[PDB]
Structures are given as structure tokens and as C-alpha cells.
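Since the structure comes first, as C-alpha cells, the remarks are kept for the end.
Just so it is clear, A, B, C, D, E, F and G label the chains in written order, and each chain counts residues from 1 on its own.
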Amino acid sequence: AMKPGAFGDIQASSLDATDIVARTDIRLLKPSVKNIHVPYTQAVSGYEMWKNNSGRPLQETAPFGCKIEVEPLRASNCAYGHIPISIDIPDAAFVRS
Amino acid sequence: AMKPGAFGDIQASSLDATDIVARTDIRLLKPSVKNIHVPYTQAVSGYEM
Amino acid sequence: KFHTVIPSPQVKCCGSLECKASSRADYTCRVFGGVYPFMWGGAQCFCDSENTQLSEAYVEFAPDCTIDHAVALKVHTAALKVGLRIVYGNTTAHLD
Amino acid sequence: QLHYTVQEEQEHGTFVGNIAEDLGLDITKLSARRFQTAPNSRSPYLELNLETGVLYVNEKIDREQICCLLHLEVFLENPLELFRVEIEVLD
Amino acid sequence: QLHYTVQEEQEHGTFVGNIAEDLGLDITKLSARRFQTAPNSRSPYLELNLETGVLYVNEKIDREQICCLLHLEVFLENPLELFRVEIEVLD
Amino acid sequence: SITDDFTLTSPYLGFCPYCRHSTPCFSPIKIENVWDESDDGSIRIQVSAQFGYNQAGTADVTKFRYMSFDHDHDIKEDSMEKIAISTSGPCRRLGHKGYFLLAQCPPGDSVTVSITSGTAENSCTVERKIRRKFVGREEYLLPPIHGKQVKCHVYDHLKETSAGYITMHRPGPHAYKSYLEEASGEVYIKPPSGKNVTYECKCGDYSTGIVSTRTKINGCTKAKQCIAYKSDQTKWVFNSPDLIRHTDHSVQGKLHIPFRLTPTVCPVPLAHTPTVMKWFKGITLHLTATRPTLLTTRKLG
Amino acid sequence: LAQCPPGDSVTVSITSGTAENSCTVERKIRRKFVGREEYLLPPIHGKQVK
């Protein structure tokens, strides 16, 4: 569902994949002068356009003050709730009164 | 009563006086690279401001 | 960022040209008739004004996409895993 | 975009190239379309006939003063078109 | 900065310098820390062995001396560090 | 099957939009692509000429090969130090391989590659907007002497490293008009120095032939209705927009794109430590920064 | 008659003669346009206007 001039204008399953699909707004013009160039106009790179106004990442905009890490994608050290904890303490730890 | 980054950050009775007093916010940093230079940061000259 | 590949133009000297479908990424094709191409050396066809030119265009990945690229993900419900230090009496255990 | 050649130390008024023939322009309508040398590209060693569109050697060719290629431009009206001519000089 | 001398027209593979011993690094840790040459500052005349950290001649020393001194950079991870090596050519 | 054998490859003439005389011309050095993705400001430029190789095609530093302008078109060689790169001022040349240059350039709105002095002294300029790049969250004109040594990506100066490949194809016809000679009502094919030349004529029908000497064409009266071009040109040429393709446009070979983008470490400045003032439920930070420096705050709730 | 980059002054000089002198005047010159699109250099494919 590619859109010209926006993020994801070119897509593939991987960087080395051969089934690349794109819908950039490219169009071929009639050659004005009699040389052998190909005149064409294309929309801007939607990846570059997204980079220009990506805003701030989630490493800076995330509630509860916890930091976003990749490989794998995760949010570490988040302080938001309460955890019920049940401990089965071994009887060797106890002592008599 | 010197203040960093403001007028009067360095003061003396005269231009040739040895009793110069100042409070420019000098912060000496640990040397990162393996050389002999002295890394430091300082507040901007309040006279220029 | 895509790299736009403009292949070498096809020129057929007063014989009709058309182009077929391609599996290339964003393959855009157009044929222009009545051209008279020139290169360094002189004219390029033996035929006066019925010469045709086929122009191709597509896109691929830039050579520097191995570093500067973005990955799109759909994420599901997240699971919380915590590292706990438990000191009971005077025995300390670290676990996940 | 036009390719022409001249020899070293060539006489004045000698043939260089037929611009109107190579462009496929009609011969009877150069003056009606206002054939003219472009003011940006003026070559003292070359001159073109407005009526016939044939380029000719104006001044005697010398590599020592030149050095290389000779560049010339022509422009036409109705429609507005521009063409470029480049001449190689042998030694 | 870590500069040291190499003779003119020195043979290929001769001992030249020791990065690891001068920086207090062991073989195993630099193998784990990916002791590699920095891709910016590279010289065709010098290469390092990737496990011993010893610079040696790759290509024979010649008189053009690039511009003059020889410059090289290496970098390590955990912690991220950059080191510069300077080489004098004794003519 | 990427190859490094440049004897099978030849340079070519491109159509530069801005030459030394400020108008488009056919040039032996034509700028095809410019890449600026390294964090140290270095750029990679693709040029129609081949650098680092001699006339024959073997690896020869300080020699570059290009295409001649003569009618008997052949491949010439020249010395490398007259190759100049510029954007607004002169650019340092960091490396060169066949079809590719790696340079360090100041910011500018155009990229120019020129052959200075000697024969074939020329230039090619393309509108390419490049600007100063940054790594960290503090701006800097120059890399600081004391910093943080963060990870960044730069172009490798070693030409053996590869960033990809370009496809190489058999060249199409060139059709020099000087091979044609007009006579009193007839035309002749005039090959140069006995090299074999193929002609295609449309006299009254499509006729194709191969000659080695001056040959009459019987049916044709004008030179514009027939063409002739050199034969046996099995030298691979890059798939450029300024060349008519061969009948068989299959990918004959692949050439490496040198100077790959590689990770490394590089310093970024550390700004002046702010002065913190505390007041009930708030803080006041006193900020000092010579260069633009990014400050980010977020609540922990 | 010269082709000059943009600048805020005009200087004419003798580079290596016996005179060895320059003259500089204040003159604001900027880039000039023909159409309704800005361009650093004239394009190959255009409209060919007067």
C-alpha cells in the first residue's frame, strides 16, 4: 500500500530481497532537445521526508521514565504498577523461637 | 559579588592590579584521550554578553 | 532512500516499439515516436523522422541502505520480565 | 550536440558544416524563423550564413591562441529552440 | 602521538611497531573488543595482525610518503575508544 | 559474479549539464551519482571515466583512463594529480577506483569534477545539495579534542571494500557521421585506418553490411539516410542514461562499488555542565552553549 | 564583460605585473532568474523561453 512521497514508498521483505515493490510518483517526459538523455520527474524520497520530520524517538517520549532498547525491542526499568509476589520460603531458613 | 556569565564576572581595583577576583564557572574535566592537554569548560564572558 | 535506475535508452530507427510489463520495483515505461537522437559523432539513425525511442525507469535500494534503513513492525501485547533479588533471613538469591 | 571537424590552419570562408541540412530544417524558411547566432557563444574563427545556414571559417585557425574544442550556439524562433555545435581542431 | 620510526625501503612483513604493548592491552581482550583499524585513516604500506596487535609493513616504503608523516587510527569497543599512531620515515 | 578485471571494461562519453563553458556538453568525465551518507562529510562520486587504471586496463595508481573525442574513438590515459574535485572550494581526494571517487568536501550546492590543464582540460558540474553533518546532540564545526567517542558511520577509505555493485553491459552503436563521405550523387563508407565498420542504410530498403575500406553505397544519395559505426566493441560499459543500448542488453558483468559505509567511533562534544537551582516543585537550569545543543526533558510518571 | 559568482563587491586586479594593484568597489550582485522556478544551473530538459 505504498504512497508517493511518504514513509514506506519503497518496501521489501529484506535488504537483499528481489521482490521489491514501490509506488514512487515517477513519470517520463518527452525529450525536448535532440540528445539521448531520458528526462523524468520523480517525487521526493519518502524515507528522507520522514527523516526530516520524524519528531523525537520513544527514548525521549515515553511515560514512567523507562528506556527503550533494540535487539530485541523492549522498554527496560519501567515503574508503573504493583506486582503480587508469592515466595515459598524453604523451612531450612526458619529457626525455632 | 561576581556572577558567571554576567557583567562584573571579573573585577579589580585597576587594570594593572594584582588583586584580581573573579567567579567564572571553570570546570576542569578528566582527560579522555591519551595526551597531555587540559580539557575544561567555562562560562561565557559576561563582559561580552 | 531509493536509488532511481534509468537504464540505457532503446532507439529503433523507423520501426514501432512497445514495452511489456516488468516485475521491477515501480517500473515505469513510455515510448516516444518521431525522435532524431544525437550522440558524440553525429546522428544515430539512418531514418529521417519516424525514429522511435523507448525510455525505461525503475527504483531499487541505495548502496548505503545496509546502514541507513528503517524497519516497520507490528507489536502485540507486551510481557513484563523482572530481575528479583530476594534476601530471606541471611540468604541472598538473584533470579529472573 | 552537433559534431564537426576542421583542419589546422584552414583558409577563411571554407566549408565547415551545413547546420540546416543536419537539423532537417527546411531551406526556404530560415529568415522567417529568424535564424541567428546565439550571443552567449560567439566564435571569432567561425561565421554562419543566415540565408543558407552553412558554417564557414572566419579567421585563420591557430591552436596556440586556442589551446581543445570550439563551441557555438544557434537559436530559432516560432517555436523557440536552441542548438549547440562543437568543432574539433586537428593538429 | 605513538609515533615511531621506519627505515626507507624496508622489506614487507618486517617488524615495525607494537600498538598493544604500548597501550597496556592483552591479546585476548583486544580479540574480544574487536581491535580493528579505523576506516578513515588507513595506509597501504602498513597492516596490523588482528590478534597480536603489531603493525608491520604491507607495501614497501617509497619516497612520495603520501604528502611528511604516516598516520593511522584504530578503534575499540567496550569501552568505545579511538587511538592514533604516527610513523616517521627515515630517508 | 562481481569482477575486478577492468580490461573487459571501457570508459564512455556522458552528457554533462554544466561544462567549463556553462552549457551542457559531451564529456569524458560525467557525474552519474553522488552519495553523501558518511558522518565525516566524505562523499562518493560516480564518474564516466575510470580512475586508478592505465590505458590497457591493468591496475596502475596515478593513472586514469578516459574516452577520446576523435572520430577514431579510442581510450586514452593521463596522470591522476590533475583530477580536481570541488563543491564551493577545493576538495581533498580520499580515494579513487574505476568509475568511483571518494572525496572530502566543504558544504555547497553543486559538485564539480574537473581535469585541470593538459589536453582534454574540462569540468562537469551537477546540482547536488550537500551540507555539514553531525553525529551527536551538540553541533560542532570541527571534531572536538575531548569528547565521548560515540558510534558513527563513515565511508571506508580502502578501495577493496565494497558497498554493492553496478551492472555492466555491451555497448550499442555510436554512429559517427565522419565515417560517411558524400560524393557527387552518392555516399561512401570511410572507415578509419582499416578498422572494420558496419553500416545500416535506408536507401530504398534496409541494407546492412560490414566493410573495411572505402565502399560505395549504390542506392543512397545523401549521407543523412544511412549510418555507420565501429564493429567488434566487446568492452563492457556501465548502464548509463546517455548511451543507446545494445540489442542484447543483458547484464554482462558486475563491478564493485568501493568505499562502503562502515561503523567506527568518533568524538562528539560534551557541553558545559548546567547550574541547577532548586525551588519547591521545580528546577531552574542555567544553560551555556556556544553551538546549538539539544536539551530534552520528560516526566517519570 | 565577465561571468561572476554572487558577492557584495567587485574587484579588478593586476595579478603579477609591475603595477601589481587592485581596485574594489561596493556592488551588490545576486543570482538572476528567467522563469517561475529557481535553478542553480540551467537544466538539460526545459521550456526554452525568451
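Basically, a contact is a pair of C-beta atoms (placed from the backbone, for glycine too) under 8 Å apart; a residue touches a chain by one contact, two chains touch by 3 or more.
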Chains in simultaneous contact with chain A and chain D: C, F, G
Number of hops, chain B to chain C, where each hop joins two touching chains: 2
Which of C-D and B-F has more C-beta contact pairs: B-F
Centre-most chain [mean C-alpha coordinates]: F
Computed distance of Cα centres, chain G from chain A, in Å: 46
Distance between chain centroids, defined by C-alpha means - chain A, chain E (Å): 39
Chain C and chain F: spacing of chain centres that average the CA atoms, whole Å: 20
Numbers and ranges of chain D residues touching at least 2 other chains: 1, 3, 22, 24, 82
Shared-contact residues (touching 2 or more other chains) in chain C: 6, 9, 11, 36-44, 48, 66
Chain F: positions in contact with at least two other chains: 15, 23-24, 26, 69, 71, 149, 176-178, 224, 241, 243-244, 267
Chain A residues touching chain D - in the complex, by the definition given at the top: 33-35
Contact footprint of chain A on chain D as seen in their complex: 1, 82-83
Residue ranges of chain A touching chain C (in the complex, touch as defined): 7-12, 15, 19-24, 26-28, 30-31, 34-36, 38, 40, 42, 45, 47-48, 50, 73, 75, 78, 83, 85, 87, 89, 93-94
Chain D - residues contacting chain F, complex: 1, 3, 5, 21-22, 24, 40-41, 69, 71, 73, 84, 86, 88
Complex contacts: residues of chain F adjacent to chain C: 13, 26, 33, 35, 37, 69, 71, 73, 153, 163-164, 169, 172-178, 180, 200-202, 224-227, 229, 239-241, 243-245, 249, 257, 260-261, 263
